[PDB]
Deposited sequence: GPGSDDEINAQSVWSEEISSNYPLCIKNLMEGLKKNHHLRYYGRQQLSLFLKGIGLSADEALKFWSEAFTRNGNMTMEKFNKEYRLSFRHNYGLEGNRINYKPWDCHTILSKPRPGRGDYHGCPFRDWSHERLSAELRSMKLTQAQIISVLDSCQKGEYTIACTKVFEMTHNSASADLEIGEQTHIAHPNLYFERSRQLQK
């Protein structure tokens, strides 16, 4: 828990390693104090995959959902705690819950209004993507190349370009490669 814990996953140091999908999920969670089902699964299983323990995951999700008075702890415990425990096997289930790879993410239902799951290289408009990439210090020529990949449907290549420019396709591989480059 020394490096990956409920508090450090909100740090800039750790979150600088997140791919765009995880950044988007963390932003929706930070702003709305909630995520709908597919986003809860995408994010919680990514965080389990980077080493967030069961106890630290319950801290993370309970604090995020009850922040700013969004819901009481009693409501969290009655309506969400079991679902997060289930994703960690803590009620004894033996289902496979491995982190989702990019193909799995892309194959989930596309996000609608109020959804943060999916792949931003597909799901965002070029103008939203461009603004995000500018905030990550990419230049116009870089952005044009990333958008070219997006328009061709090559979302994982777009994401690989972003990795290269800011330093099997899998968000956890993006994280691990980026985090290794901090060490």
Item to check | Unmodelled intervals of the deposited chain, in order | outcome: 1 to 4, 172 to 185
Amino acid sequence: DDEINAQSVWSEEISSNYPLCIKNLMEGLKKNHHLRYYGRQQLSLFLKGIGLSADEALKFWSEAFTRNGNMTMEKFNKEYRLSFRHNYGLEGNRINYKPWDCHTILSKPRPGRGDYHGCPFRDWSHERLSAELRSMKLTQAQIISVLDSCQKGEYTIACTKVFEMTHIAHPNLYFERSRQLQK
From here on, numbers count along this sequence of modelled residues.
Checklist entry - Is the mean CA B factor in the deposited entry higher across 65 to 73 or across 25 to 33? => result 65 to 73
Next on the checklist: Highest mean C-alpha temperature factor of the two stretches 56 to 64 and 112 to 120, which is it?
Outcome noted: 112 to 120
Checklist entry - Which has the highest CA B-factor per the PDB entry: 43, 158, 129, 50? => result 129
Next on the checklist: Please say which third, lowest, middle or highest, residue 9 falls into when its CA temperature factor is compared across its chain.
Outcome noted: lowest
Checklist entry - Against its chain's modelled residues, does residue 17's Cα B factor rank lowest, middle or highest third? => result lowest
Item to check | residue 105 - Cα temperature factor, lowest/middle/highest third of chain | outcome: lowest
